[PDB]
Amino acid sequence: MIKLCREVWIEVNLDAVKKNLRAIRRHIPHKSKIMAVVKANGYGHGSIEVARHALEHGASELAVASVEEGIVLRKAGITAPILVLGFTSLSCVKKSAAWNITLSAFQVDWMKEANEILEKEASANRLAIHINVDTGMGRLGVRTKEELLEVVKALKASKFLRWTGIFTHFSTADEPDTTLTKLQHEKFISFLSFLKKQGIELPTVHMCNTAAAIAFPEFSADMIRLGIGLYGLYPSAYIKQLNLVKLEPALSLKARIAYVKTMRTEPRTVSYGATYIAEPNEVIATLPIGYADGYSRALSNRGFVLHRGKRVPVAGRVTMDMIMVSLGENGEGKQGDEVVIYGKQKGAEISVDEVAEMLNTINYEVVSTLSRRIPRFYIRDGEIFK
């Protein structure tokens, strides 16, 4: 059994990750590759071991949010293509080329300036580039086919740069009204047709996130970007209710009870603000998770955890490192008992989706804000490591 000083931990089930990759692979066209999106520490699951597992079981490439995230993966021994999805300052072009990290860009000046930097440095490696086309997300990317053509030309004239992809991002592919997604797809294809009409040969074309991969597998083109689905989580209730691909949640969050007491003497106030008053025979268990771990303070007097297969409520306010839960009057519980904060236990389950609904957010935020001070353990072929 697990030995920790502070007994809170994450379990990432890599067998589920493999099953999730397999389900997406079996759904999308055979020719389409899979780019596993492991930005933000693998959506809080741990980027290194999720990326390693994905590449063993179906993925060809990786996506991250920054050069620094890509370098962490290279230092783990990973040789697969790694795309930075956001903006990379020209200050890191030299470093990105040396680590064989692929950068997104979409402006003539950036292309020309990056080339000149690598020229001046006598760079040993060329820098791989994907062009972002903004078709309605409004975040990053080139927005007109005229300007796109100039960006392509600047990239092609840059001998120290290497064009390896072109992509766009859907902003509402997880919604019931598909109008905007079809307009974006139509616009993207129009831009790509414009380039081909100029005789330009296209590199790897990718546009689908998890939502469009499930709902519009025919848009998979050369490659899709599998993010939330890799982790066994759906991009929206609507996509889940399509019932087209079966995903298995990979992440659980657990702890062991640090202390158990009956509230026999007064005062029976519990936690900050004294917002909860226990009964004289009520049993209160203290757990080593709090809002600095990413367990939202808005779950104060609201959240649930699983103990011995049953939902027991948070009592009083969440504190920075600890919560208290009620085991009820003369409730049964002991120090050391395992508690499930997100996940399954015996018959019961408190899913990340249910926590997100309670907090009026999305599963993406619940998992990707799990603090790095929580250790992560990995299950593969039914057994733990790391």
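From 1 onward, residues are counted along the sequence shown. Take the two forms, find the largest set of C-alpha atoms that superpose within 1.5 Å, and that set is the rigid core.
Once the rigid core is used to overlay the structures in 6 other deposited structures of this protein, the stretch among 110-118 and 225-233 whose CA atoms lie farther from this form is 110-118. Relative to the displayed structure, the C-alphas of 332-340 lie farther away on average in 6 other deposited structures of this protein than those of the other candidate, with 332-340 and 55-63 compared after rigid core superposition. Stretch comparison (340-348 versus 54-62) by mean CA B-factor in the PDB entry places 340-348 on top. Averaged over CA atoms, B-factors in the entry run higher in 153-161 than in the other of 239-247 and 153-161. Comparing the listed residues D174, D134, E282, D293, the entry records the largest Cα B-factor for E282. Per the deposited coordinates, the residue with the largest Cα temperature factor out of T102, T286, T168, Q198 is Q198. Annotation for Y276: C-alpha temperature factor in the highest third relative to the rest of the modelled chain, per the entry.
Ranked against the other modelled residues of its chain, the C-alpha B-factor of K94 as given in the entry falls in the middle third.
Annotation for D321: C-alpha temperature factor in the lowest third relative to the rest of the modelled chain, per the entry. Remark: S47 belongs to the lowest third of its chain, ranked by C-alpha B-factor as recorded. Annotation for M35: C-alpha temperature factor in the middle third relative to the rest of the modelled chain, per the entry.
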